[PDB]
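What's in upload-v8.cif: mmCIF, C-alpha atoms and all ligand atoms
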```cif
data_upload
#
loop_
_atom_site.label_atom_id
_atom_site.label_comp_id
_atom_site.auth_asym_id
_atom_site.auth_seq_id
_atom_site.Cartn_x
_atom_site.Cartn_y
_atom_site.Cartn_z
CA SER A 3 -1.62 16.62 -28.77
CA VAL A 4 0.82 14.97 -26.44
CA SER A 5 3.05 11.91 -27.21
CA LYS A 6 2.60 8.68 -25.14
CA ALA A 7 5.38 7.82 -22.77
CA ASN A 8 7.18 4.49 -23.11
CA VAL A 9 6.00 2.70 -20.01
CA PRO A 10 6.62 -1.04 -20.48
CA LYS A 11 4.65 -3.78 -18.78
CA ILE A 12 7.11 -6.01 -16.86
CA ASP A 13 6.06 -9.42 -15.58
CA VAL A 14 7.63 -9.29 -12.09
CA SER A 15 6.51 -12.76 -10.99
CA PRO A 16 10.07 -14.24 -11.30
CA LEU A 17 11.20 -11.89 -8.47
CA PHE A 18 9.07 -14.00 -6.00
CA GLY A 19 10.92 -17.24 -6.89
CA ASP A 20 14.28 -18.93 -7.34
CA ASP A 21 15.07 -18.91 -11.06
CA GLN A 22 18.05 -16.61 -10.95
CA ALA A 23 18.46 -16.10 -14.76
CA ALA A 24 14.78 -15.27 -15.07
CA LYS A 25 15.22 -12.72 -12.25
CA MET A 26 18.16 -11.22 -14.17
CA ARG A 27 15.97 -10.88 -17.25
CA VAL A 28 13.40 -8.97 -15.12
CA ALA A 29 16.26 -6.83 -13.70
CA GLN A 30 17.32 -5.92 -17.26
CA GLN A 31 13.82 -4.69 -18.04
CA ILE A 32 13.82 -2.66 -14.82
CA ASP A 33 17.20 -1.18 -15.78
CA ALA A 34 15.99 -0.25 -19.29
CA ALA A 35 12.83 1.45 -17.99
CA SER A 36 14.74 3.22 -15.23
CA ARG A 37 17.22 4.63 -17.82
CA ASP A 38 14.43 5.68 -20.28
CA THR A 39 11.32 7.45 -18.96
CA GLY A 40 11.72 6.18 -15.42
CA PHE A 41 8.36 4.40 -15.27
CA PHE A 42 7.10 0.88 -15.80
CA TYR A 43 4.01 -1.15 -14.93
CA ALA A 44 4.55 -4.21 -12.73
CA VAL A 45 2.21 -6.94 -13.91
CA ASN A 46 1.62 -10.42 -12.54
CA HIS A 47 2.15 -8.91 -9.07
CA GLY A 48 -0.25 -11.10 -7.18
CA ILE A 49 -2.22 -8.34 -5.41
CA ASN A 50 -6.04 -8.15 -5.60
CA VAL A 51 -6.26 -4.52 -6.79
CA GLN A 52 -9.98 -4.72 -7.62
CA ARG A 53 -10.69 -5.48 -3.95
CA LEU A 54 -8.30 -2.72 -2.82
CA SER A 55 -10.27 -0.30 -5.04
CA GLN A 56 -13.62 -1.55 -3.70
CA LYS A 57 -12.67 -1.34 -0.03
CA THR A 58 -11.12 2.11 -0.60
CA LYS A 59 -14.23 3.38 -2.35
CA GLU A 60 -16.45 2.07 0.52
CA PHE A 61 -14.26 4.07 2.96
CA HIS A 62 -14.02 7.31 0.93
CA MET A 63 -17.74 7.42 0.10
CA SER A 64 -18.95 6.72 3.67
CA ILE A 65 -16.64 8.76 5.89
CA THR A 66 -18.42 11.85 7.23
CA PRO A 67 -17.23 15.38 8.02
CA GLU A 68 -17.28 14.65 11.69
CA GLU A 69 -14.99 11.66 11.26
CA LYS A 70 -12.60 13.66 9.04
CA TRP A 71 -12.07 16.27 11.77
CA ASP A 72 -11.56 13.50 14.29
CA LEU A 73 -8.86 11.88 12.17
CA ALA A 74 -7.31 15.09 10.79
CA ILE A 75 -3.61 15.82 10.63
CA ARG A 76 -2.34 18.94 12.38
CA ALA A 77 -2.51 21.02 9.20
CA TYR A 78 -6.35 20.86 9.52
CA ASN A 79 -6.80 20.32 13.30
CA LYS A 80 -4.61 22.12 15.86
CA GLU A 81 -5.58 19.61 18.58
CA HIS A 82 -3.59 16.86 16.79
CA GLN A 83 0.00 18.07 17.12
CA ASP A 84 1.42 14.51 17.00
CA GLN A 85 -0.24 13.90 13.56
CA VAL A 86 2.06 15.17 10.92
CA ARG A 87 2.00 12.22 8.49
CA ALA A 88 -0.82 9.83 9.59
CA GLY A 89 -4.52 10.64 9.36
CA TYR A 90 -7.00 12.51 7.18
CA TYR A 91 -6.08 15.29 4.77
CA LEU A 92 -9.32 17.19 4.17
CA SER A 93 -10.74 18.71 1.00
CA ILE A 94 -11.80 22.36 1.12
CA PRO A 95 -14.96 22.65 -1.02
CA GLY A 96 -14.65 25.51 -3.45
CA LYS A 97 -10.86 25.50 -3.15
CA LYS A 98 -9.20 22.07 -2.80
CA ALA A 99 -10.79 19.06 -4.46
CA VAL A 100 -8.46 16.28 -3.38
CA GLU A 101 -8.66 14.53 -0.03
CA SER A 102 -6.80 11.52 1.37
CA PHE A 103 -6.02 9.19 4.28
CA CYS A 104 -2.42 8.26 5.16
CA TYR A 105 -1.22 5.42 7.37
CA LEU A 106 2.21 4.14 8.38
CA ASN A 107 3.73 0.88 9.58
CA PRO A 108 1.17 -0.98 11.70
CA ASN A 109 4.08 -2.00 13.96
CA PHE A 110 4.45 1.62 15.14
CA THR A 111 2.51 0.97 18.33
CA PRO A 112 2.69 2.96 21.56
CA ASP A 113 5.36 0.62 22.92
CA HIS A 114 7.59 0.73 19.77
CA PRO A 115 11.05 2.12 20.80
CA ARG A 116 10.92 4.91 18.14
CA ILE A 117 7.47 5.95 19.32
CA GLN A 118 8.67 5.96 22.95
CA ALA A 119 11.69 8.06 21.91
CA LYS A 120 9.42 10.43 19.88
CA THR A 121 11.69 10.07 16.87
CA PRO A 122 10.68 12.31 13.93
CA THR A 123 8.65 10.72 11.13
CA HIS A 124 7.32 7.91 13.38
CA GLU A 125 3.70 8.02 14.49
CA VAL A 126 0.97 5.66 15.69
CA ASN A 127 -1.74 5.33 13.07
CA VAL A 128 -5.23 6.69 13.64
CA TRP A 129 -8.32 4.80 12.49
CA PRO A 130 -12.04 5.49 12.13
CA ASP A 131 -14.50 3.83 14.38
CA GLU A 132 -14.76 0.09 13.67
CA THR A 133 -18.57 0.06 13.88
CA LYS A 134 -18.84 2.79 11.22
CA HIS A 135 -16.21 1.19 8.95
CA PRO A 136 -16.37 -2.51 9.64
CA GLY A 137 -13.31 -4.40 8.47
CA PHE A 138 -11.50 -1.33 7.20
CA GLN A 139 -8.58 -1.19 9.61
CA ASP A 140 -7.92 -4.89 9.20
CA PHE A 141 -8.13 -4.66 5.43
CA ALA A 142 -5.83 -1.67 5.34
CA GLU A 143 -3.19 -3.18 7.60
CA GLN A 144 -3.24 -6.41 5.54
CA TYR A 145 -2.87 -4.30 2.36
CA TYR A 146 0.22 -2.65 3.89
CA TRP A 147 1.80 -6.07 4.24
CA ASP A 148 0.71 -7.25 0.75
CA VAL A 149 2.24 -4.17 -0.93
CA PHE A 150 5.28 -4.46 1.38
CA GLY A 151 5.81 -7.95 -0.04
CA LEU A 152 5.52 -6.77 -3.66
CA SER A 153 7.88 -3.93 -2.88
CA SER A 154 10.48 -6.25 -1.34
CA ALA A 155 10.41 -8.28 -4.57
CA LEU A 156 10.73 -5.14 -6.70
CA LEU A 157 13.71 -4.05 -4.59
CA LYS A 158 15.42 -7.39 -5.39
CA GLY A 159 14.98 -6.53 -9.06
CA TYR A 160 16.39 -3.01 -8.65
CA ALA A 161 19.39 -4.38 -6.76
CA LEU A 162 20.13 -6.95 -9.49
CA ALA A 163 19.66 -4.25 -12.13
CA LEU A 164 22.37 -2.15 -10.49
CA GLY A 165 24.89 -5.02 -10.29
CA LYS A 166 24.30 -5.70 -6.61
CA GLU A 167 23.24 -8.83 -4.68
CA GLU A 168 19.47 -9.06 -4.46
CA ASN A 169 19.22 -8.02 -0.75
CA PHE A 170 21.18 -4.79 -1.25
CA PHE A 171 18.07 -2.59 -0.69
CA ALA A 172 15.73 -5.12 0.89
CA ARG A 173 17.95 -5.77 3.89
CA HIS A 174 17.12 -2.15 4.95
CA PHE A 175 13.33 -2.61 4.30
CA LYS A 176 12.07 -4.46 7.35
CA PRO A 177 8.66 -4.86 8.98
CA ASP A 178 9.75 -3.73 12.38
CA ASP A 179 11.11 -0.37 11.28
CA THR A 180 10.13 0.72 7.75
CA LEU A 181 9.02 4.31 7.31
CA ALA A 182 6.87 3.33 4.29
CA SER A 183 3.37 4.85 3.94
CA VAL A 184 0.13 4.12 2.20
CA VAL A 185 -1.97 7.07 0.96
CA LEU A 186 -5.58 6.54 -0.11
CA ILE A 187 -6.30 9.57 -2.33
CA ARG A 188 -9.76 10.52 -3.59
CA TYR A 189 -9.95 12.78 -6.67
CA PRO A 190 -13.61 13.72 -6.99
CA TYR A 191 -16.00 14.47 -9.80
CA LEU A 192 -17.36 18.00 -9.13
CA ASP A 193 -19.91 20.02 -11.06
CA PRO A 194 -19.01 22.79 -11.14
CA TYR A 195 -15.36 22.13 -10.56
CA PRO A 196 -13.48 24.70 -8.28
CA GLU A 197 -11.03 26.77 -10.51
CA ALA A 198 -8.91 27.24 -7.42
CA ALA A 199 -8.27 23.54 -7.39
CA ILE A 200 -7.06 23.67 -10.97
CA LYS A 201 -3.57 24.74 -11.47
CA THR A 202 -2.18 25.70 -14.87
CA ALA A 203 1.37 24.62 -16.09
CA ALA A 204 3.62 26.87 -18.06
CA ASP A 205 2.72 24.92 -21.21
CA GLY A 206 -1.01 25.58 -20.56
CA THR A 207 -1.89 22.09 -19.28
CA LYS A 208 -4.53 22.11 -16.58
CA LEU A 209 -3.22 20.29 -13.50
CA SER A 210 -4.34 18.84 -10.17
CA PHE A 211 -0.69 18.29 -8.81
CA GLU A 212 2.28 20.20 -10.08
CA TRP A 213 5.67 18.85 -11.21
CA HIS A 214 7.72 17.06 -8.62
CA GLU A 215 10.14 14.20 -7.85
CA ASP A 216 9.03 11.64 -5.30
CA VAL A 217 10.29 11.44 -1.72
CA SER A 218 10.90 7.69 -1.67
CA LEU A 219 13.36 4.97 -2.61
CA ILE A 220 10.69 3.73 -5.06
CA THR A 221 6.96 4.42 -5.37
CA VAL A 222 4.48 1.60 -5.97
CA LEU A 223 1.17 3.03 -7.28
CA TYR A 224 -2.33 1.76 -8.05
CA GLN A 225 -4.66 4.15 -9.91
CA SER A 226 -8.11 3.86 -11.45
CA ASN A 227 -8.44 3.62 -15.22
CA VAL A 228 -8.52 7.38 -15.93
CA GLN A 229 -5.46 8.70 -17.69
CA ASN A 230 -3.85 11.57 -15.75
CA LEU A 231 -0.08 11.28 -15.17
CA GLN A 232 2.58 12.89 -17.31
CA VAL A 233 6.35 12.47 -17.23
CA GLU A 234 8.94 15.02 -18.34
CA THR A 235 11.36 13.65 -20.92
CA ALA A 236 13.85 15.40 -23.19
CA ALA A 237 11.04 15.38 -25.76
CA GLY A 238 8.74 17.25 -23.33
CA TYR A 239 5.91 16.02 -21.12
CA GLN A 240 4.44 12.74 -22.29
CA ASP A 241 1.22 10.94 -21.17
CA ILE A 242 1.49 7.82 -19.00
CA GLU A 243 -1.37 5.54 -20.03
CA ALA A 244 -3.54 4.18 -17.22
CA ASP A 245 -3.59 0.46 -16.36
CA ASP A 246 -5.85 -0.38 -13.42
CA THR A 247 -4.59 -3.98 -13.39
CA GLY A 248 -0.91 -3.08 -12.80
CA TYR A 249 1.22 -1.13 -10.39
CA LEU A 250 3.00 1.95 -11.78
CA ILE A 251 6.58 1.96 -10.48
CA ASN A 252 9.17 4.75 -10.41
CA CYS A 253 12.25 5.81 -8.45
CA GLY A 254 12.30 8.53 -5.88
CA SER A 255 15.09 10.96 -5.05
CA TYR A 256 16.79 8.63 -2.53
CA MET A 257 17.45 6.22 -5.40
CA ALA A 258 18.75 9.06 -7.50
CA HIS A 259 21.12 10.01 -4.69
CA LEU A 260 22.43 6.48 -4.09
CA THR A 261 23.01 5.85 -7.80
CA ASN A 262 24.44 9.31 -8.63
CA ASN A 263 21.47 10.02 -10.84
CA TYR A 264 22.03 6.82 -12.92
CA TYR A 265 18.41 5.98 -12.00
CA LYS A 266 16.89 9.47 -12.00
CA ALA A 267 13.81 10.31 -9.96
CA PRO A 268 11.54 11.24 -12.90
CA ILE A 269 9.76 14.56 -12.83
CA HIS A 270 6.02 14.06 -13.21
CA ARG A 271 2.71 15.84 -12.74
CA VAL A 272 -1.00 15.11 -12.54
CA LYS A 273 -3.40 16.49 -15.14
CA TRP A 274 -6.73 17.89 -14.09
CA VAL A 275 -9.56 15.47 -15.10
CA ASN A 276 -13.14 15.95 -13.91
CA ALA A 277 -13.65 12.30 -12.96
CA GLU A 278 -14.21 10.35 -9.74
CA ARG A 279 -11.03 8.35 -9.30
CA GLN A 280 -8.43 6.85 -6.95
CA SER A 281 -4.68 7.29 -6.55
CA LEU A 282 -3.27 4.80 -3.99
CA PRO A 283 0.52 5.11 -3.64
CA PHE A 284 2.84 3.09 -1.40
CA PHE A 285 6.06 5.03 -0.70
CA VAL A 286 8.87 2.58 -0.19
CA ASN A 287 10.93 4.17 2.63
CA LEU A 288 13.73 2.45 4.60
CA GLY A 289 14.39 2.65 8.33
CA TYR A 290 15.30 5.84 10.17
CA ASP A 291 18.95 4.87 10.59
CA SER A 292 19.35 3.09 7.23
CA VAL A 293 22.29 4.34 5.21
CA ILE A 294 23.33 3.03 1.82
CA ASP A 295 26.75 4.21 0.66
CA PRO A 296 26.32 6.09 -2.60
CA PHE A 297 27.82 4.57 -5.73
CA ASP A 298 27.98 5.24 -9.50
CA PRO A 299 27.36 2.20 -11.88
CA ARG A 300 28.75 4.19 -14.80
CA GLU A 301 32.40 4.48 -13.36
CA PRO A 302 34.93 1.55 -13.59
CA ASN A 303 35.43 1.72 -9.74
CA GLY A 304 31.81 2.45 -8.82
CA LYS A 305 32.76 5.50 -6.68
CA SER A 306 30.55 8.55 -6.31
CA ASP A 307 31.32 12.07 -5.01
CA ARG A 308 28.13 12.12 -2.95
CA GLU A 309 28.01 11.87 0.81
CA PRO A 310 26.11 9.17 2.68
CA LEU A 311 22.67 10.29 3.83
CA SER A 312 20.59 8.43 6.40
CA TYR A 313 17.05 7.68 5.30
CA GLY A 314 15.60 9.42 8.31
CA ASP A 315 17.48 12.62 7.49
CA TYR A 316 16.33 12.34 3.86
CA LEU A 317 12.66 11.74 4.77
CA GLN A 318 12.33 14.41 7.43
CA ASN A 319 13.83 16.96 4.99
CA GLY A 320 11.67 15.77 2.05
CA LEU A 321 8.28 15.69 3.73
CA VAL A 322 8.40 19.45 4.35
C1 LIG B 401 1.17 11.12 -8.16
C2 LIG B 401 0.44 10.37 -7.05
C3 LIG B 401 1.40 9.37 -6.38
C4 LIG B 401 -0.28 11.33 -6.07
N1 LIG B 401 0.46 12.33 -5.26
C5 LIG B 401 1.13 12.00 -4.18
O1 LIG B 401 1.04 10.88 -3.61
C6 LIG B 401 2.11 13.02 -3.64
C7 LIG B 401 3.22 13.27 -4.61
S1 LIG B 401 4.22 11.74 -4.85
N2 LIG B 401 2.56 12.58 -2.32
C8 LIG B 401 3.23 13.33 -1.45
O2 LIG B 401 3.40 14.51 -1.67
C9 LIG B 401 3.83 12.71 -0.25
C10 LIG B 401 2.87 12.06 0.70
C11 LIG B 401 3.71 11.51 1.91
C12 LIG B 401 2.87 10.87 3.00
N3 LIG B 401 1.92 11.78 3.61
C13 LIG B 401 3.82 10.31 4.07
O3 LIG B 401 3.78 10.85 5.21
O4 LIG B 401 4.59 9.41 3.75
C14 LIG B 401 -1.43 11.99 -6.76
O5 LIG B 401 -2.16 11.26 -7.41
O6 LIG B 401 -1.58 13.24 -6.68
FE FE B 402 4.80 11.60 -7.22
#
```
Written as structure tokens, how would this file's structure read?
Ligand SMILES: CC(C)[C@@H](NC(=O)[C@H](CS)NC(=O)CCC[C@H](N)C(=O)O)C(=O)O
Ligand SMILES: [Fe+3]
Amino acid sequence: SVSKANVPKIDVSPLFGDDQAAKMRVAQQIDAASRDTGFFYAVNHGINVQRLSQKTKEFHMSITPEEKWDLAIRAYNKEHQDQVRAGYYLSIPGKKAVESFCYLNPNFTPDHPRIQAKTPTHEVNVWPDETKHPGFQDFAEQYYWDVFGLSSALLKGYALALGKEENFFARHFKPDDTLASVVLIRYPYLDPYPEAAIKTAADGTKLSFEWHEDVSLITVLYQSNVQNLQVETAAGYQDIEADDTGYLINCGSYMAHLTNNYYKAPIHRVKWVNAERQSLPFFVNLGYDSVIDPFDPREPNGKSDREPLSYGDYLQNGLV
């Protein structure tokens, strides 16, 4: 069978407070996990994940085909040319099992200067009808800000881990401008299950999502309690155990760039499981113009031979 990945449970609650030595001890655990498999579970995070799962289920199970077309991104609906990121990503019965809903910063309103300028990667969110989904928009926008707050705390820990002051990343992660997204992904139970929605890895593992690195600074993930993720290590792909009380955290390729691959973006994949489940990532993205000068925490002088890359350039290139 497959070996279990080392994915430690880190109590992140000190990152919300003012005990600086305790925060350093959290930062050390973040450093160790980031140098090993690249994954950890954040525990004691303060977010009501059971209610997130309930509200998400109520949405996924009640939205109708009509509503999905009305909310669809341009890949599924040619009438919606402004929807590249935000909206509904449809299933294709018989072919594509997964479906999802993506939303961006609630502050990206019609009057927001980056919306007025039509800057790439910025869009105004689309929402289902309030009478059909009562409370959903409000819940979802509040969730954005709850996970934003957890992510800001995690970014203080990553900064400390790397020998930086605790606002080194967080100062670029701001409510008025962050490019961060929430995706509410439904993986369905299907009988029979479409073979076209099952991919096969070179090692024979049946997959729902092939190997990749994340397009993010960090990724902050809730999943149901159905084991599915695997991480590539030197010892091969290893199983990430599920924990539906925690958030699974990893670095994305912008972190790898800034740190000269000291904190790698781990390669991971999703196993095929015929189970009704949820995958609810928050992609921690900075602002469009944010630039962090690359560095290397393994070199006496910290210098890297990588060129500065704005987050907007990174994101537009990555989302293709
Ligand atoms: C591994 C999970 C995080 C999940 N997959 C995913 O979320 C995958 C790979 S990280 N996500 C993406 O490709 C990027 C979505 C970006 C989003 N539309 C945005 O505009 O910001 C899954 O369960 O398949
Ligand atoms: Fe991923």
Inset, instruction - Would you mind listing what lies within 8 Å of residue 44 (chain A) as an MDAnalysis selection string, with only C-alpha atoms counted and same-chain residues fewer than 5 positions away left out? - result: chainID A and resid 11:14 248:251
Inset, instruction - Grab me every residue within 6 Å of ligand LIG 401 (chain B), counting only C-alpha atoms and all ligand atoms, and send it over as a list in words. - result: residues 87, 104, 183, 211, 216, 281 and 283 of chain A
Could you list, as a PDB file with C-alpha atoms, in the frame of the given file, all the residues within 12 Å of ligand FE 402 (chain B), counting all atoms listed in the file?
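Output below, filename pocket.pdb:
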```pdb
ATOM      1  CA  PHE A  41       8.360   4.400 -15.270  1.00  0.00           C
ATOM      2  CA  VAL A 185      -1.970   7.070   0.960  1.00  0.00           C
ATOM      3  CA  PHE A 211      -0.690  18.290  -8.810  1.00  0.00           C
ATOM      4  CA  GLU A 212       2.280  20.200 -10.080  1.00  0.00           C
ATOM      5  CA  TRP A 213       5.670  18.850 -11.210  1.00  0.00           C
ATOM      6  CA  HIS A 214       7.720  17.060  -8.620  1.00  0.00           C
ATOM      7  CA  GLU A 215      10.140  14.200  -7.850  1.00  0.00           C
ATOM      8  CA  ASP A 216       9.030  11.640  -5.300  1.00  0.00           C
ATOM      9  CA  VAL A 217      10.290  11.440  -1.720  1.00  0.00           C
ATOM     10  CA  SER A 218      10.900   7.690  -1.670  1.00  0.00           C
ATOM     11  CA  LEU A 219      13.360   4.970  -2.610  1.00  0.00           C
ATOM     12  CA  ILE A 220      10.690   3.730  -5.060  1.00  0.00           C
ATOM     13  CA  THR A 221       6.960   4.420  -5.370  1.00  0.00           C
ATOM     14  CA  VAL A 222       4.480   1.600  -5.970  1.00  0.00           C
ATOM     15  CA  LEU A 223       1.170   3.030  -7.280  1.00  0.00           C
ATOM     16  CA  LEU A 231      -0.080  11.280 -15.170  1.00  0.00           C
ATOM     17  CA  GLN A 232       2.580  12.890 -17.310  1.00  0.00           C
ATOM     18  CA  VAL A 233       6.350  12.470 -17.230  1.00  0.00           C
ATOM     19  CA  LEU A 250       3.000   1.950 -11.780  1.00  0.00           C
ATOM     20  CA  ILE A 251       6.580   1.960 -10.480  1.00  0.00           C
ATOM     21  CA  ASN A 252       9.170   4.750 -10.410  1.00  0.00           C
ATOM     22  CA  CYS A 253      12.250   5.810  -8.450  1.00  0.00           C
ATOM     23  CA  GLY A 254      12.300   8.530  -5.880  1.00  0.00           C
ATOM     24  CA  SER A 255      15.090  10.960  -5.050  1.00  0.00           C
ATOM     25  CA  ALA A 267      13.810  10.310  -9.960  1.00  0.00           C
ATOM     26  CA  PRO A 268      11.540  11.240 -12.900  1.00  0.00           C
ATOM     27  CA  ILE A 269       9.760  14.560 -12.830  1.00  0.00           C
ATOM     28  CA  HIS A 270       6.020  14.060 -13.210  1.00  0.00           C
ATOM     29  CA  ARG A 271       2.710  15.840 -12.740  1.00  0.00           C
ATOM     30  CA  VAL A 272      -1.000  15.110 -12.540  1.00  0.00           C
ATOM     31  CA  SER A 281      -4.680   7.290  -6.550  1.00  0.00           C
ATOM     32  CA  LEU A 282      -3.270   4.800  -3.990  1.00  0.00           C
ATOM     33  CA  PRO A 283       0.520   5.110  -3.640  1.00  0.00           C
ATOM     34  CA  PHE A 284       2.840   3.090  -1.400  1.00  0.00           C
ATOM     35  CA  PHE A 285       6.060   5.030  -0.700  1.00  0.00           C
TER      36      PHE A 285
END
```
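Within the 9 Å cut-off around residue 89 (chain A), using all atoms listed in the file and omitting residues fewer than 3 positions from it on the same chain, the listed residues are residues 70, 73, 74, 75, 85, 86, 102, 103, 104, 105, 127, 128 and 129 of chain A.
Each of A:265, A:18, A:313, A:290 was compared to residue 179 (chain A) using only C-alpha atoms, and A:290 turns out to be the nearest.
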